[PDB]
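Colleague: Fold the following for me, if possible:
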Amino acid sequence: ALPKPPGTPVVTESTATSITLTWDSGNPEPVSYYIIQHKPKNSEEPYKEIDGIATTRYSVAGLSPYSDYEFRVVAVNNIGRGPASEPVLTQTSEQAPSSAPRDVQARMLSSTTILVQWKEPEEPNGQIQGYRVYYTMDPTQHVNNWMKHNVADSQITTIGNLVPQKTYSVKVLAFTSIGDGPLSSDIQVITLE
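Modeller: Residues are numbered from 1 along each chain as shown. Structure data below:
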């Protein structure tokens, strides 16, 4: 007869871009192979299908970081294709952001304070936990020797105690739990009233 549905698949490995599934055959007799059905959790469209999986374990790659996914497994034998299992829900791991905060802007508020603001990076790869604002009077320095101000998840901050009539270079990165993303390319702001 046709195969019965495989056992509900179990996620046993995950990375930022892959999910590894294992399942029970769900069947008394041997199965020829399996088909994995996968989609984003909140897609309302039909599952995509990976055909011809010859074992009861498979890693689905390259998915995107910090994303919700739905999977099912289908068994096939010589008679044909059985019903899909019950779905499993899961989520790929986070990464550091892989793009810079966008539209980074700064303007003078006084001779000693500026206003810095930006937009969220397009590629956060995770929950943004905060931003780090780098600023200096000498941008030839390594960024780790610039002055630094840490911020929570936000898009605007003020920075004070600046020396008047100076060009300050400013760079901003976002960070997730995993790590720091890239720095925006330098902008300049002058402490001139």
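
Colleague: In three-state terms, label the most centrally placed residue in the chain for me.
Modeller: By C-alpha atoms, centre = their mean, the mean C-alpha position of the chain lies nearest to residue 125, the distance being 1.7 Å. Put simply, residue 125 is coil when judged by DSSP: H, G, I helix; E, B strand; the rest coil.

Colleague: Please shift the residue numbers so they start at 27 in all later answers.
Modeller: In the new count, where the first residue is 27, that last one comes out as residue 151.

Colleague: pretty sure residue 75 is in a strand, no?
Modeller: Yes: checked against three-state DSSP, residue 75 lies within a strand.

Colleague: bridging residues for it?
Modeller: Counting by DSSP bridges, residue 75 forms beta bridges with residue 63.

Colleague: which ones are touching it?
Modeller: By C-beta atoms under 8 Å, 6 or more residues apart in numbering, the contact list for residue 75 reads 61-64. In this view, the C-beta of every residue, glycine as well, is placed from N, C-alpha and C.

Colleague: any idea how far the residue nearest to residue 202 when sequence neighbours are not counted is from residue 58?
Modeller: For residue 202, ignoring the flanking residues on the chain, the nearest one in space by C-beta to C-beta, 6 or more residues apart in numbering is residue 152 at 3.5 Å. For residue 152, the distance to residue 58 equals 39 Å [C-beta to C-beta, to the nearest Å].

Colleague: Just want to know which of those two has more residues nearby.
Modeller: residue 152 (22 against 12; other C-beta atoms under 10 Å).

Colleague: So for stretch 70-88, what gets flagged as buried?
Modeller: By 16 or more other C-beta atoms under 10 Å, the buried positions in stretch 70-88 come out as 73, 79, 82, 84, 86.
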